[PDB]
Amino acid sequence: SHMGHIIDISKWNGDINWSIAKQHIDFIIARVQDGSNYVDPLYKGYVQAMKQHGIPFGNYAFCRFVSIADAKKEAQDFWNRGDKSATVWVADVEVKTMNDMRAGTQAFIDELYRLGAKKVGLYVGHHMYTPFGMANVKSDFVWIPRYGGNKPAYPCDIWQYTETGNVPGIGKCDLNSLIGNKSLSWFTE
């Protein structure tokens, strides 16, 4: 009986035994950068391995833009550094880097669309949604965390339900479930 998982990873996950993890993976979303100034050092290796193992994946970037113009720049860096085989591109918003985070996030997302991204999503960490009115961001899907057994306080398509999951070949990791109107096939293509 298949028991697949939607896992987000970054260099913090270290080296992964992809041959063993394969059967437990439905989809992966990997970190490309932490703002414009930090390139994730394991991302490229992860992508090479996932392609070799036939594992579908998406890209995410932690956002650190300080203005509208800077947001467009971060998006450009994200696009250029990310592998184009990704099925989705995600703006990962967890800290206030500018007063109008909703405007910066939309600029970031719109620039990705302008560059060629066809499926763009948004991840919003705790204490960022309401203060900045993130419900007003326009994207293809929303991804929100809540590790207490109850679903996120806002509608979303991907629910990050734990940051202490464990998957063979990967170890400790963030696990996600689909609770919106986007099916697994929409992400894996």
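So that there is no doubt, residue numbering starts at 1 and follows the sequence shown.
Q: Between 142 to 150 and 55 to 63, point out the one with the higher average CA B-factor as the PDB entry records it.
A: Result: 142 to 150.
Q: Among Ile29, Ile158, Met128, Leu122, which residue carries the highest C-alpha B-factor recorded in the PDB entry?
A: Reading the PDB entry, the winner on C-alpha B-factor is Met128.
Q: What third of its chain, lowest, middle or highest, does the C-alpha temperature factor of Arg102 fall into?
A: Middle third of the chain for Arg102's C-alpha B-factor.
Q: Thinking about Cα B factors across the chain, which third does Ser177 belong to?
A: According to the entry, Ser177 has a C-alpha B-factor in the chain's middle third.
Q: How does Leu115 rank on Cα B-factor within its chain, lowest, middle or highest third?
A: Highest third of the chain for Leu115's C-alpha B-factor.
Q: According to the PDB entry, is the CA B factor of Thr162 in the bottom, middle or top third of its chain, that is, lowest, middle or highest?
A: For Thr162, the deposited C-alpha B-factor lands in the middle third.
Q: Would you please rank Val93 by its C-alpha temperature factor against the other modelled residues of its chain and give the third it falls in: lowest, middle or highest?
A: Answer is lowest: the recorded C-alpha B-factor places it there.
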